[PDB]
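[1] A structural model of the following input is requested.
(chains A and B, ligands or ions: 4)
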2 protein chains.
Amino acid sequence: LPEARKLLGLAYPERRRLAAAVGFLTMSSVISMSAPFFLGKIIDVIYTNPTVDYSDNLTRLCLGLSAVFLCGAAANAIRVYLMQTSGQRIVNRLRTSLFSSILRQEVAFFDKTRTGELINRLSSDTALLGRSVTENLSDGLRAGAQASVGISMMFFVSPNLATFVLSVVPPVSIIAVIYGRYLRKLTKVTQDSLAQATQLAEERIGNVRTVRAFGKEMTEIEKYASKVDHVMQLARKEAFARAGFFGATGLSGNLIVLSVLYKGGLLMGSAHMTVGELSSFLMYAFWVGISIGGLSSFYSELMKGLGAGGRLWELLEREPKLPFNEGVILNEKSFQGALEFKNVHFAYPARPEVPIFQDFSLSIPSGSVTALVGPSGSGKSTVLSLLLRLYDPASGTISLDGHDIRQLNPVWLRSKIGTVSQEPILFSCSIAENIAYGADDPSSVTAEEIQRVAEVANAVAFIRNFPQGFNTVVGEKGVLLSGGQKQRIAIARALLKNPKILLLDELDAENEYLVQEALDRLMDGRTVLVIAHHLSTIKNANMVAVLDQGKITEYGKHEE
Amino acid sequence: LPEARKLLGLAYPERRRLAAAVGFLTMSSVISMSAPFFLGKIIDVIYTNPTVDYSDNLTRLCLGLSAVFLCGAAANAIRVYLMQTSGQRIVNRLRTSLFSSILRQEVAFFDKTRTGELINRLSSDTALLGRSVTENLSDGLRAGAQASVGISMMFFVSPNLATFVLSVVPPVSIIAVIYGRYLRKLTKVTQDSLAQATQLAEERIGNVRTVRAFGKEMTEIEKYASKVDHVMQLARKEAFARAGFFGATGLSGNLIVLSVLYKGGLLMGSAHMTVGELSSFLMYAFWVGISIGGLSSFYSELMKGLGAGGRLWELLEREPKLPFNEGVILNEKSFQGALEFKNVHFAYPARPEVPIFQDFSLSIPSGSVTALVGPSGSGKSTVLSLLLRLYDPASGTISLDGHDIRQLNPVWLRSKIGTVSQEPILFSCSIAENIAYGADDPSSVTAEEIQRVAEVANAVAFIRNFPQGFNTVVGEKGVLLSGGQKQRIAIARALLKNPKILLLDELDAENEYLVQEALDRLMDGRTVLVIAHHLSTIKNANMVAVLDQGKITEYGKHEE
Ligand SMILES: CC(C)CCC[C@@H](C)[C@H]1CC[C@H]2[C@@H]3CC=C4C[C@@H](OC(=O)CCC(=O)O)CC[C@]4(C)[C@H]3CC[C@]12C
Ligand SMILES: CC(C)CCC[C@@H](C)[C@H]1CC[C@H]2[C@@H]3CC=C4C[C@@H](OC(=O)CCC(=O)O)CC[C@]4(C)[C@H]3CC[C@]12C
Ligand SMILES: Nc1ncnc2c1ncn2[C@@H]1O[C@H](COP(=O)(O)OP(=O)(O)NP(=O)(O)O)[C@@H](O)[C@H]1O
Ligand SMILES: Nc1ncnc2c1ncn2[C@@H]1O[C@H](COP(=O)(O)OP(=O)(O)NP(=O)(O)O)[C@@H](O)[C@H]1O
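    Numbering: from 1, shown residues only, chains lettered A, B, ... in the order given. Ligands and ions are numbered 1, 2, ... in the order given. Sure, the structure comes next:
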């Protein structure tokens, strides 16, 4: 019921179509359940006491039923369409709403949650939930209605035969359900054993380096063989129980029909059934049988849809631990570009036991180039993650012109901070689209504006030399670029963004000249914090900071 | 046909069961196809020209048909069992054979191929292939046989009615197949569009750090919304074509049955059909209809099984690029333990553009401790990978006592080399099983032997202090151990292996004493090559080698 209110509100914008489709479902079902009654009359017209006017009755009964079938098909076709489209619209709203919720979450969420799981929840689970309040809902509704009308029509056609069926079917159904539960137990045992053999395989294949190192390849093969030989043993037992069940179920189905023909055939003489009447009863009995299986499948899909529901309401109602677009914007006169780290303590969410910063204090002055030095893996790149507020420190404060960056709007704070990595991330778009990404509105930037920043970044030359120019598709699924080329597109993107604060992370001879010339134009008049591996940039940097054991161990000029 | 020879040979060990199951499939199908003929006789006994002895004929006809149904169910049950078990045995042989092929492959194969893909090929594709030569094969065989007998029985029951059905069904079927192809086109267009919207989502979710850095969260949401709004547009068009098809197909099905009742009903007077005869024809026509759908589904599963086949024959017929158990074994007098690297050039298979070793030359003398020094990420751990022959160098040679390690048996070469990592890999087994892993036969080692190596490795104390002692389950799915505890179990495993060559890769105060005391006992009388981060082990090492830019830049004693 509380989860049903969520599913009712989800189907609510399509209430108009779902009500129309249900109206068309009613018509299609009414025409469909009338068919065995009229088919029974056709059979009796030909085979009860055929008169000379039997062909005249048959012709109007068949032409009449043809028109009803054409009407029923049109009503069913309209139902399927309206039900499918309603689901499509619900899924569409779920997809846009889920993706919006996902992108609003903090980086820490993505650090723990797999991309594939988010994509599967956005593609599979969204489609399943939409289907459950539409396609599945109408399927179970139709099935529930046809069973009801069917049982009612069996008692109408022959109360005696219907009473007999209803005295045989429940005991047999109870026995079959008990057998069905025992069969499910043997299936779980086999599937749990299969999982165990697969877990062993996954562990040894995953750690094949250790298996090889000890020469245990043949030892693991024999170990795995024993686990899958056990699966086979359990599967044979499950196969025997399934064969005995299917045989008993099959025989029951055949003998029950044989009983109805016998019992019905011997009914004398006012409770007697004509061959057409017996055809009505059998058709209605077969419709109840189908409808029972329909309700069974409906429950199976309703449970799958509820399982998908829980996975989606989990992300749709999720609140990010770090603000998305909440905070204050500092004035043009209030913002100078001076940044300060004060006793910062931080460990990544994936590895909280491994500290990255242990009492990290650093003062980056406005308009001055600060060089960050240290060994590989010391945690220099983590400084840029905390400055852009991708994570909040466990202890300590990061301030901009005396104002805590936690009080400010992170979207605005990031618009004033730019970054040029050693290996920049470029999307599978055109060179122009990737450059336009810097602007607050990449749809507002003109072709002349993209060309201007490309000339300053010394990128215009190689870009024009490409067959499609600025429309040359880069990224992973695009044209392979050199480190220097990728960096100059990253400089062009940063130049168009025009940040006050710039963060640099540091190659042949030809590339490194045009890149450093463009980096010079980019660095000028900006607060620069560069993580260096080259002694050339440390030498001309305003101040140098050494990071050792998560703390600024040394501070001052290159010579000092 | 060439792939069919592979599927024939796969079913060949179970030829005896599959022939028995086919024999039982023949009986079950023969009894099943006889049922509409005898049911038609039951109907006529009651409703053609009912005599006073109609109940006597009906009783023996129903009791007779009951016995035949009981026989048919028993024959079908036996078939299902024999078919399922044959498949299970084929899948079992495929699983043991595929896992054997996987573990025999070189490390480079696992570096490029995902673990999950190997597991899915070992669980899903193995089960599918087995099903295709058994369960599916019998399903398509039964379906093919029932259609054949069905059509033959329709012509037997009424040649006139059968000719009419066969003059209506093919034109309608041709039209439906043309409609079915157009419907598949609109479905592909929608599913290709869905893939595109998902690819965009996957790329932006995967690179959420870049999306946030430029404040393009709202920009990507709007970009994705446009892609899924297009999916919805294409899905509505597909929904309209599907509704029009289902309506036309449904109507055809109903009107064809209505035509057969009409045509058949008006058949006069020697070609006339009794109500039972019409029931036979309709039942046989419904059996052909089911059988046509059965052959359709059989082809669908045969193609899926052939697709699975290709994925498996790819790994089963695969030859490892590096020898598995091929080579020569050096004599006890010929082997001293002296190792030499000569102008080794190597780059990992995943990143061949990034060189790790660039003219690497190192001489490790027998019984002497050699310390390897260098910065983090210089490629010191790669030395152990090439020494254990997990990869072969692109240029250069690795020799043992003047003999090229490429000529020797890698399984034997690895039995003489042991390794103790900083973070050792322990399987989710007991402490004793993990220690026993060192021995050439972990089933041969006694409890006294595991206790002896545990006492020497200073591990016996904490192991006995555990609730289950040596039977304490460690690894990922087990009891959490400290770095020192894990290292002492790794020393116990190495002590039991008893290698001539030992490779060490380098922590509080209490752990580091008992670990270094155990490492001392382990190092003694062995050729040791240690990658150090601690100045204590470099100081007492026989010779020190410095690795810078993939080459031994410095060589000699700690003081020198
Ligand atoms: C009266 C109703 C409720 C049941 C009517 C069907 C029975 C007569 C069927 C159902 C399951 C059948 C059994 C399914 C499986 C087997 C295993 C089969 O054994 C083998 O093929 C030997 C090799 C092996 O088991 O691997 C022998 C027949 C038997 C007992 C079958 C005998 C006939 C049974 C009991
Ligand atoms: C004679 C045989 C071959 C076909 C018998 C069935 C037809 C009478 C059916 C099949 C598909 C039906 C159509 C399926 C979908 C629609 C869309 C439906 O439009 C809406 O519900 C408007 C909103 C929207 O399209 O989103 C109007 C009826 C119509 C044309 C249906 C009219 C009746 C059709 C043509
Ligand atoms: N998101 C993360 N979650 C967990 N651990 C991480 C994460 N990012 C980085 N690390 C680890 O933290 C270590 C140091 O942090 P990092 O900021 O990457 O260093 P660095 O100074 O940039 N080193 P380098 O790779 O030479 O440039 C890395 O080597 C990783 O093992
Ligand atoms: N299987 C592999 N495929 C591709 N690249 C790899 C592989 N293994 C390691 N690398 C890379 O090679 C680099 C150096 O090799 P490696 O042998 O790991 O170094 P190291 O001296 O052990 N450094 P460290 O991590 O401090 O101990 C690593 O930092 C990885 O980026």
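[2] backbone phi and psi for residue A:142, please?
    Backbone torsions of residue A:142, given as degrees, to the nearest 10, read phi -60, psi -50.
[3] and it, what is it in contact with?
    Residue A:142 sits next to A:25, A:28, A:29, A:294 when contact means CB atoms under 8 Å, 6 or more residues apart in numbering or on different chains. (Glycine included, C-beta is placed from N, CA and C.)
[4] let's see 7 Å
    A:25, A:29 (CB atoms under 7 Å, 6 or more residues apart in numbering or on different chains).
[5] that one and ligand 2, how far apart?
    As for residue A:142, its distance to ligand 2 is 18 Å (criterion: CB to the nearest ligand atom, to the nearest Å).
[6] could you do residue A:165 as well?
    35 Å.
[7] what's the first helix or strand after whatever helix or strand that residue lives in?
    Per DSSP states H and E, residue A:165 falls inside helix A:159-206. Where DSSP H and E defines the elements, the next helix or strand beyond helix A:159-206 is helix A:208-213.
[8] what does that next one rub up against?
    With contacts defined as CB under 7 Å, 6+ apart, helix A:208-213 is touched by A:204, A:217, A:220, B:103, B:107, B:110, B:388, B:390, B:414, B:419, B:425.
[9] from the residues you listed, which two are the most distant?
    The widest separation within those, taken as CB to CB, falls between B:103 and B:419 and amounts to 19.3 Å.
[10] residue A:334 in helix, strand or coil?
    coil (DSSP: H, G, I helix; E, B strand; the rest coil).
[11] quick one: the helices in the stretch 201-350 of chain A, in order.
    A:208-213, A:217-265, A:275-316 (DSSP state H, counting those that start in this stretch).
[12] tell me the most buried of those?
    Per residue and on average, the most neighbours among these fall to helix A:208-213, with a mean of 20 (mean count of other CB atoms under 10 Å in any protein chain shown).
[13] list just the nearest of the contacts of helix A:208-213 to residue B:482.
    Among the contacts of helix A:208-213, and counting by CB to CB, the member closest to residue B:482 is residue B:425, at 16.0 Å.
[14] can you name the residues that contact the closest residue to ligand 4 within the stretch 351-500 of chain A?
    The stretch 351-500 of chain A approaches ligand 4 most closely through residue A:377 (6.6 Å), counting by CB to the nearest ligand atom. Applying CB under 7 Å, 6+ apart, one finds that residue A:377 lies in contact with residue B:376.
[15] confirm that it sits in a strand.
    No. Going by three-state DSSP, the assignment for residue A:377 is coil, not a strand.
[16] and it, how far from residue B:377?
    The gap separating residue A:377 from residue B:377 is 8 Å, by CB to CB, to the nearest Å.
[17] now do residue A:148 against ligand 2, distance only.
    Residue A:148 sits 26 Å away from ligand 2, going by CB to the nearest ligand atom.
[18] what about that residue, neighbour count?
    By other CB atoms under 10 Å in any protein chain shown, the residues close to residue A:148 number 13.
[19] and for the one 10 residues further on?
    When neighbours are defined as other CB under 10 Å, residue A:158 has 23 of them.
[20] ok, which stretches of chain A are strands?
    A:339-346, A:357-364, A:369-373, A:395-400, A:403-404, A:417-420, A:501-505, A:527-531, A:543-548, A:551-556 (DSSP state E).
[21] these: which one's closest to residue B:339?
    Counting by CB to CB, and looking across all of these, nearest comes strand A:543-548 at 35.2 Å.
[22] which outside residues touch the closest one?
    Against strand A:543-548 from outside (CB under 7 Å, 6+ apart): A:362, A:368, A:370-374, A:378-380, A:538, A:552-558.
[23] near ligand 4 at all, the helix holding residue A:165?
    No. Residues of helix A:159-206 are not located near ligand 4 by CB under 6 Å from any ligand atom, the shortest gap being 13.5 Å.
[24] and that helix with ligand 1, contact?
    No. Under the criterion of CB under 6 Å from any ligand atom, ligand 1 is not reached by helix A:159-206; the shortest gap measures 9.5 Å.
[25] quick one on the thing from earlier: export the contacts of helix A:208-213 to JSON lines and tack on distance to ligand 3?
    Listed next are the contacts of helix A:208-213 as JSON lines, based on distance: CB to the nearest ligand atom, whole Å:
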{"residue": "A:204", "distance to ligand 3": "26"}
{"residue": "A:217", "distance to ligand 3": "31"}
{"residue": "A:220", "distance to ligand 3": "30"}
{"residue": "B:103", "distance to ligand 3": "30"}
{"residue": "B:107", "distance to ligand 3": "22"}
{"residue": "B:110", "distance to ligand 3": "22"}
{"residue": "B:388", "distance to ligand 3": "25"}
{"residue": "B:390", "distance to ligand 3": "23"}
{"residue": "B:414", "distance to ligand 3": "29"}
{"residue": "B:419", "distance to ligand 3": "22"}
{"residue": "B:425", "distance to ligand 3": "18"}
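[26] ligand 1: which of these is nearest?
    For those, the nearest to ligand 1 is residue A:220 (29.1 Å; CB to the nearest ligand atom).
[27] how much space between residue A:7 and chain B?
    Note on residue A:7: its distance to chain B, by CB to the nearest CB, to the nearest Å, is 20 Å.
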